[PDB]
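One structure below.
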Amino acid sequence: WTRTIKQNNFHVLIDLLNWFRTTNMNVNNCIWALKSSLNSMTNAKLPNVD
Amino acid sequence: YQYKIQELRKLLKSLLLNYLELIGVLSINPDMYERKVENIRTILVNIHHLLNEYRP
Amino acid sequence: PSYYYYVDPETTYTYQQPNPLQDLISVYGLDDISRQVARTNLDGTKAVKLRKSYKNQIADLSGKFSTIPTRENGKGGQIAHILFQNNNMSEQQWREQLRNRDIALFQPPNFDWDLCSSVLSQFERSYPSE
Numbered sequence: 425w426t427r428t429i430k431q432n433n434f435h436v437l438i439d440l441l442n443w444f445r446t447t448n449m450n451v452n453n454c455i456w457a458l459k460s461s462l463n464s465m466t467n468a469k470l471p472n473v474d
Numbered sequence: 003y004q005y006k007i008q009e010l011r012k013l014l015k016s017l018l019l020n021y022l023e024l025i026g027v028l029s030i031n032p033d034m035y036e037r038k039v040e041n042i043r044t045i046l047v048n049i050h051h052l053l054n055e056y057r058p
Numbered sequence: 008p009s010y011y012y013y014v015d016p017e018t019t020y021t022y023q024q025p026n027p028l029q030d031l032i033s034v035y036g037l038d039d040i041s042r043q044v045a046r047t048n049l050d051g052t053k054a055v056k057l058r059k060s061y062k063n064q065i066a067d068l069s070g071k072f073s074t075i076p077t078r079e080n081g082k083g084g085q086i087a088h089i090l091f092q093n094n095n096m097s098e099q100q101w102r103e104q105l106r107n108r109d110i111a112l113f114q115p116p117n118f119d120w121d122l123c124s125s126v127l128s129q130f131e132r133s134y135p136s137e
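In order, the protein sequences belong to chains A, B and C.
Residues 425 to 474 (the numbering used here) are what the first sequence spells out, left to right.
Residues 3 to 58 (the numbering used here) are what the second sequence spells out, left to right.
Residues 8 to 137 (the numbering used here) are what the third sequence spells out, left to right.
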C-alpha cells in the first residue's frame, strides 16, 4: 500500500481534509455566532410603559 | 426626535447592507466573518438603544 | 452619495486560501491518486472493479494461502497498540549507536540459540490434523 503513493503526499492529503472539516464548520460557526448575537438581545429591550 | 427617526432608518438600511455583505463574505471566504458579525452586533445594539431612547 | 454604516469601499475581501471553488485535488496534484483509484476511466467507460480483499497483493507468493487472514478466523491478533508503542559523538557516531540501540535483543541471554536447538530437538514425528 505504501508503494501505491508515489509523491509521498499522504500528509498533504490528511491536512487537506482537516482543512476541509474546518471550512465546512466555519459556516455553521457563523450561524451560531449570529444565534449568540440573537441571544444577547433578550435582556436588551425596553418594554411598554405601565 | 426626527434626527433619531432618520438615524433609525439609516441604521436599518445599514443592517440590511451589512447582512448582504456578510452573505458575500460567506460566499467567497468564511474566515473574515468575525468582523461582519461584530458590525451586525453593534448595528443592532445601536438600533435597540435608539428605540430605548425613544421609549420615554 | 449617502454613507451607510460599516459599508466601507476601501475594505476588501479575498478568496479563501485554498479556494474550495477549484478542484483541490488538481491544486495539490492529487490527480495521480484520483485517476489511479477512480471508479471510471476519464473517457466515459467504466473501469475495472477492484476486489474487497487483498487477494491481488497476496497472489504473488507461492505458499499455502487459500483463505483470507482476518480478525474473525482466530488466526490473527490485535498487534496495533504493540505496533504503535514508542521509546564527542558526531552525527555519524550518534547514528551508529542509533542503529545499534536495538540489537541488544538479538544475542543471548535474550535469544540463546543453544537453548533454541535443545527445545527444537524435542520435536517428534507428525502433526495431528482434522
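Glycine included, each C-beta is placed from N, C-alpha and C at the ideal position.
On the DSSP bridge assignment, give the partners of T47(C) in chain order. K53(C)
So, does the region 22-42 of chain B touch the region 450-457 of chain A, judging by three or more C-beta pairs under 8 Å? yes
Taking all protein chains shown into account, do 16 or more other C-beta atoms lie within 10 angstroms of the C-beta of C123(C), making it buried, or fewer, making it exposed? exposed
Since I49(B) meets chain C, which of its residues come closer than 7 Å, beta carbon to beta carbon? Neighbours of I49(B) on chain C: none; closest Cβ ~10 Å, over 7 Å.
For a test of the three-state rule: what should DSSP assign to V473(A), helix, strand or coil? coil
Please classify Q23(C): does DSSP put it in a helix, a strand, or coil? coil
State yes or no: is the C-beta of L22(B) within less than 8 Å of the C-beta of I45(B)? no
Assuming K82(C) is part of the alpha helix (DSSP H), what are its boundary residues? Here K82(C) belongs to no alpha helix (DSSP H), and DSSP marks it neither H nor E.
Looking at chain B, is there any beta carbon in it that lies within less than 8 Å of the beta carbon of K430(A)? no
Residues of the region 29-61 of chain C with Cβ closer than 8 Å to any Cβ of chain B, in chain order: none
Span of the alpha helix (DSSP H) around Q8(B): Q4 to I30
For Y13(C), the nearest candidate out of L18(B), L52(B), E55(B) and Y5(B) (CA to CA): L18(B)
Could you work out which residues of chain B lie near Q23(C), taking near to mean beta carbons separated by less than 9 Å? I30, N31, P32 and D33
If I follow the unbroken alpha helix (DSSP H) through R108(C), where does it start and stop? Unbroken run through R108(C): none, as it is neither H nor E.
What in chain C is Cβ-close to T447(A), meaning under 8 Å? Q23 and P27
Can you tell me whether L462(A) is buried or exposed? The criterion is at least 16 other CB atoms within 10 Å of its CB, across all chains shown. exposed
Can you give me the C-alpha to C-alpha distance between residue 2(B) and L52(B), rounded to a whole angstrom? Because residue 2(B) is not part of the residues shown, which for chain B are 3 to 58, the question remains open.
Any idea if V34(C) is buried or exposed, counting beta-carbon neighbours within 10 angstroms, 16 or more meaning buried? exposed
Going by C-alpha distance, which of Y20(C), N93(C), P135(C) and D38(C) is nearest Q431(A)? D38(C)
Pick out whichever of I89(C), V44(C), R102(C) and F72(C) has its Cα sitting closest to the Cα of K82(C). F72(C)
Interface residues of chain A around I42(B) at Cβ under 9 Å? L458 and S461
For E131(C), which of helix, strand or coil comes out of DSSP? coil
Chain B contact residues for residue 475(A), given Cβ-Cβ distances below 8 Å: Since the displayed chain A opens at 425 and closes at 474, residue 475(A) lies outside it and no answer follows.
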